[PDB]
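Colleague: pasting the first chains of the complex, positions unchanged:
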Amino acid sequence: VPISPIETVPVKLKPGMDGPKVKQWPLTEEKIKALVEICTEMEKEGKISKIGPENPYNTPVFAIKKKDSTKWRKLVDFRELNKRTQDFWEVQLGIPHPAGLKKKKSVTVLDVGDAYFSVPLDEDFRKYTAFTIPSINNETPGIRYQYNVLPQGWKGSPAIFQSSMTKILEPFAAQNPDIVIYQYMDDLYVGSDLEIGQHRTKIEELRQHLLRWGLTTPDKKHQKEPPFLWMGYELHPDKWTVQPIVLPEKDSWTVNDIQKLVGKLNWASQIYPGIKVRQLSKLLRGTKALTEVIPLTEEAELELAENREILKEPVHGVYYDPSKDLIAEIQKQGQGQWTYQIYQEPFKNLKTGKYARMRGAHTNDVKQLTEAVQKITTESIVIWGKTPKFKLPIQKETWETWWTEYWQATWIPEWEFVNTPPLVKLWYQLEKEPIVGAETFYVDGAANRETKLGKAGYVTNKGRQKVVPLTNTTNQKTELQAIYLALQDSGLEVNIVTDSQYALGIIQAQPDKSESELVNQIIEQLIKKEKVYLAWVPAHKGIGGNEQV
C-alpha cells in the first residue's frame, strides 16, 4: 500500500471540453477475470476506488502478458482523456551531456518502484479517469473504477511526478547540501565527495526518507555500479564514452539503413574525432520513400571506410573541471567539413564534434570557420555555462581583412593562431579600384528559356571580340560563362565589366569553393590572376554592353 500524503497538483480539462465518454464492452473472459485480480489488489493499495452508476465518464481497458510470460500487466488507453486534458509545463527536453558533468568521489543510481502510482491525483479530476471492467456476455453491472493516483500513460503524470519528487527531496537536500541529486524520469542520480562510508550511509538515509514518503528504492546494495549505461552513454568513474557502435555490413542499402548509419555516425562524432557524414548523407539528399534501394557512391564507401577505421580502437572523454581553462580547437577536413575538439587538457578531450555547411550554393573558408566558432560557442554555453578560448588555424590579418570587408556583422571571442596545416587563407582578392594599363573586357551572355541554348561572349577596348555557343544552359550560367571567357583570354591583370547582378553577386562574395564546376573554374582563374577588377553596369541601358544575340 504505497500511497502518500503529498499535496496534489490541481488539474483542469482543456477549456470547453469534457471527460472521455468512450465505452468498452469487449471482449474475452480470459482477460476479464484476469483484470479483477489486479483491480482488487490495486483497490487494497488505495490506488483505485469503485464508483456507482451516477453517470460518470469512461475509458477503454486492455490487458496483456509481460515478456517471458510470468506476471500479467494491465493497460489503459488514455488517448481521449489525454487530448481533453490541459497542457502542463514541458517535463524535460535535452539531457545533460557527460562532458559537462563534474568528477565526484561516489555516484549512486536509484530507480523508484511504483513511481506514478505512489503519487496522488487531484481529487476533482479523478472522476475523469473512470473506467469499466465488463461482465461476461451477460450485461451484468460490471465493476466501475477510477484512479486516486497518477494513472499510467496519462498526460499529466511525468511532470506532476517530477515536481512531487522535487518537493519531497527538498527537506533532504537541505540537511545534505554537499551532495548532488539529479532527477531523471523514474531514476535519481546521487553523488558526493563524502568518503565511501558516510556516502554509503547517506544514500541509505535518502532511501529511508523516500520510503517514508511512499517511494520505493532498490533494496539489494545500491544496485547499479559503474557503468552506468545511460542514454547511449557509458559513464565510468574517471571517464565517459559512447555505448558500442555497430555499423552493419550489407550488399544493399535502403534509405532507412543509411538514415540509421548517418545517425550512429553523428552520435559517435561527439567523442570519436574525424567522423565524416558528408558523402553518406549526400546520398540521402533526395527526399523520397524510405524503402527505396540506394546504391552507394565511391566517395561514400571511402568515407564509410575511414569511419570504420576510426571506430576500430575505442576512445574516451573526460569530465569537467571548473578550475581549469576551457579550450576548443578547430581543424578543416577539406570537403566543406570541419572538425573540433574541446578540452581542458592536451591528451584528453571533454568532447569533440563536427560542422558542415548545408545551405548555400557557394561558400567561403573563413565564413565557415566563423560559423563553426558560432556552433561551438553555443554548445559550450549550453553544456558548461561559458565560452571556450579558441585555437584557430587562421592568421590574424587574414581574419581582420575578412571581417572588415564583410557585409554582415560577425564577431569572435579571443583566439590564438595554430600553425597546423591546412591553414585558412584568402585565395584571392578583387581590386577595389580599376586597373590602369589593363585590358577591359565587356562581357555578356544570354540564353533562350525554351531551347536552353544561348551563348557567352566579350568585346574589349583593344578591339578583341569573342562569342562561344552554349547548350543546355541558362542566363545566369551564360553570364558566369562570359566572365570565365574573359578570364581565360586575358593577361595577369584584367578589368571585367558585367550586366548581371547575379554573377557579380557570386563573385564579390569571394567564394573559394562551389557545387557547380563552372564557379570552381572561375575560382581557379581568379586565383591564377595577379589583378582582377570586376565592375557592374545596368543591363540594356546602352553603355558598354554587348548587342550580340
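Modeller: Arrived safely. Residues are numbered from 1 along each chain as shown, chains lettered A, B, ... in the order given.
Colleague: gap between the closest residue to residue A:370 other than its chain neighbours and residue A:369?
Modeller: In space, residue A:370 comes closest to residue A:410 once its chain neighbours are excluded; the distance is 5.4 Å by C-beta to C-beta, 6 or more residues apart in numbering. Where C-beta positions appear, they are placed from N, C-alpha and C, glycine not excepted. From residue A:410 over to residue A:369 the distance is 10 Å, taken as C-beta to C-beta, to the nearest Å.
Colleague: try residue A:360
Modeller: Distance from residue A:360 to residue A:369, by C-beta to C-beta: 15 Å.
Colleague: comparing the two, which residue is more hemmed in?
Modeller: Taking other C-beta atoms under 10 Å, residue A:360 and residue A:369 do not tie; residue A:369 has more neighbours (22 against 14).
Colleague: ends of stretch A:239-253, what's the gap?
Modeller: End-to-end distance for stretch A:239-253, by C-alpha to C-alpha, to the nearest Å: 35 Å.
Colleague: make that stretch A:439-452, sorry
Modeller: Terminal residues of stretch A:439-452 lie 31 Å apart, using C-alpha to C-alpha.
Colleague: starting at the chain centroid, how far to that stretch?
Modeller: The chain centroid and the centroid of stretch A:439-452 are separated by 44 Å, computed with C-alpha atoms, centre = their mean, to the nearest Å.
Colleague: about what we covered before: my guess is the residue nearest to residue A:370 meets residue A:399, correct?
Modeller: No: checked against C-beta atoms under 8 Å, the pair residue A:410 and residue A:399 is beyond contact range at 9.6 Å.
Colleague: more neighbours, the two?
Modeller: residue A:399 (20 against 14).
Colleague: tell me which element that one falls in.
Modeller: Using DSSP states H and E, residue A:399 sits in helix A:396-405.
Colleague: that helix packs against which elements?
Modeller: In terms of contacts (3 or more C-beta pairs under 8 Å, 6 or more residues apart in numbering; DSSP states H and E), helix A:396-405 is packed against helix A:365-384.
Colleague: here is chain B, add it in:
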Amino acid sequence: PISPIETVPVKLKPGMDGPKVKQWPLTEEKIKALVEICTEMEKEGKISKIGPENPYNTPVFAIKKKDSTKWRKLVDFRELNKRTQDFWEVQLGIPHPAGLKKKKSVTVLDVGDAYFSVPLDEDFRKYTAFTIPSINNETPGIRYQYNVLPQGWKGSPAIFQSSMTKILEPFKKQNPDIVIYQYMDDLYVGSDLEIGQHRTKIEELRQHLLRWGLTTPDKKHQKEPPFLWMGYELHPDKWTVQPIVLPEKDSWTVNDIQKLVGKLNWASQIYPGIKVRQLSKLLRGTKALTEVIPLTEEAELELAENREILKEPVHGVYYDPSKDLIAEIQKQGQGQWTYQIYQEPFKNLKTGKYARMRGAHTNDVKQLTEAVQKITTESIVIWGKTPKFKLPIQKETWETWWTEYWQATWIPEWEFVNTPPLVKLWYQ
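Modeller: Putting chain B onto the chains we already have gives this:
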C-alpha cells in the same frame, strides 16, 4: 506597496492561448545574477514559484542597468505583448503626441519601478511565467510568475496610465509647453528650452515624481564623473530623410561615370524624374575603365539637374498606421552604419546613418546593437511604435551576443537577412 481598488482584469483575444516560448541558454554568471534578483523579488512579493500545471513561458535575460556594474533582469514580453496589448492598444491604449518630434531636446526617463507597486489580476498571473535555466539541463529550471505589474509588458503602463496622468498633472500645469509621452517603462520629455533650462526642468520632474512616490534610477554620476557624457538627450528637430548624394569630382573616368549612371538608375525607381540619357552617350563605344572622359555641357546640364531633383523629398510618402514599420540596416565599414525605415518598398519614412568610434574600442555586434537601439528610440519618438528590423548578422550570433550591449528595457522584433549586394555604395 498597496492594493488599489480590485485589480484591473486582463483578458485575451478569444481563442488566443498564452505564450509558450523556449528559454535561451545563458552563461553561468547571468544565471547567478537572475537567481539573486528573483530570490529578492520573491522576498518582496513581486513573483512566486509555480507548478507543472502552468504550461506557459516567457524568456528572461540579464543585462546591466544603463551604465552600471550591477545586473538587471530583462524579460522578453514580445509574445505576450502580441497576445494582449493588441487588444490593450485598443481598450487601454495610450495616445501618441505627434508634436514630440518637434521639440529641440528630448530626455528619456526610466519609470519602470512604478508598476511594481501595483498588483496584477490573479487569473492573468499564469501568463507571466518565466524560467531561470539550468546549466547543461541538470535540473528543471526555476519557474516563477508575476504577482505585480511586470516591466516590459505593454499592459503594465496601460494599467498604470491613470495613476501616471494624475501624478503628472501638477507638473503639466506649471509647464504647459513641455511634452510628455509614456512608452512602456520610459517617459519621453520634450522641450524647446536651452540645454541648461531643459536639464533643470528634467531635474524638477525627477524630484516631483520622486516626492510622489516614483523612484527613477536614471540618477546620474552625481558630483564627479571621471569622464562621461552624462545627459541622455535626443534632438528630434534635426531628424529627417537623408538626401541621396552624387559623387563630387573634378575630372571623371569611364568607371566613375559607370558608377554614377548605375546609382542614378537605381535612384530612378524612387525619384521618377531622373534622366541618365546624356551621361550614357558620353561613354558609348567600348573604352578602357581608366580612360578619362571630359564632361560636356549637356552632360553636366543633366547632372546638375539630377542633383537638385535628389534634394527634394519624395511624393505621396506618408505613415500608414495600419502597417508595420520596417527598418533595414546596411554596414558601411569603418564604424559606420546606414539605415532606412519604411513601410512599402522605396517609400522611405525616415533614413539615417549612425557611426561611432572607429577602432580599438568597439566591435561589429556592439555597433549594430547600439544602432538598433538608436533607430528604435527614434521610431518611438516619431511614430509611437517600434520597427521590425532586417539585421545583417547571422541569427545564432545575434541571439548569443545581443544581451551584452543592450541597455534598453524594450525588445523590438527582428529577423535576419543574407541578401543585399549593391546597397552599400548607394546608401552611403
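Colleague: thinking again about what came up before, what helices and strands are in contact with the helix or strand just after the helix holding residue A:399?
Modeller: Per DSSP H and E, the first helix or strand lying C-terminal to helix A:396-405 is strand A:415-417. Under the contact criterion of 3 or more C-beta pairs under 8 Å, 6 or more residues apart in numbering or on different chains; DSSP states H and E, strand A:415-417 touches strand A:389-392.
Colleague: what segments of chain B are helices?
Modeller: Here chain B has its helices, by DSSP state H, at B:28-43, B:78-88, B:155-174, B:195-211, B:254-267, B:277-280, B:297-307, B:364-383, B:395-401, B:423-427.
Colleague: turn the ones you listed into JSON lines, including mean neighbour count and distance to residue A:532.
Modeller: Shown next, in JSON lines, are the helices of chain B (neighbours: other C-beta atoms under 10 Å in any protein chain shown; distance: least, C-beta to C-beta, whole Å):
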{"stretch": "helix B:28-43", "mean neighbour count": "16", "distance to residue A:532": "47"}
{"stretch": "helix B:78-88", "mean neighbour count": "20", "distance to residue A:532": "46"}
{"stretch": "helix B:155-174", "mean neighbour count": "16", "distance to residue A:532": "58"}
{"stretch": "helix B:195-211", "mean neighbour count": "15", "distance to residue A:532": "54"}
{"stretch": "helix B:254-267", "mean neighbour count": "19", "distance to residue A:532": "14"}
{"stretch": "helix B:277-280", "mean neighbour count": "18", "distance to residue A:532": "26"}
{"stretch": "helix B:297-307", "mean neighbour count": "15", "distance to residue A:532": "30"}
{"stretch": "helix B:364-383", "mean neighbour count": "21", "distance to residue A:532": "27"}
{"stretch": "helix B:395-401", "mean neighbour count": "18", "distance to residue A:532": "31"}
{"stretch": "helix B:423-427", "mean neighbour count": "15", "distance to residue A:532": "19"}
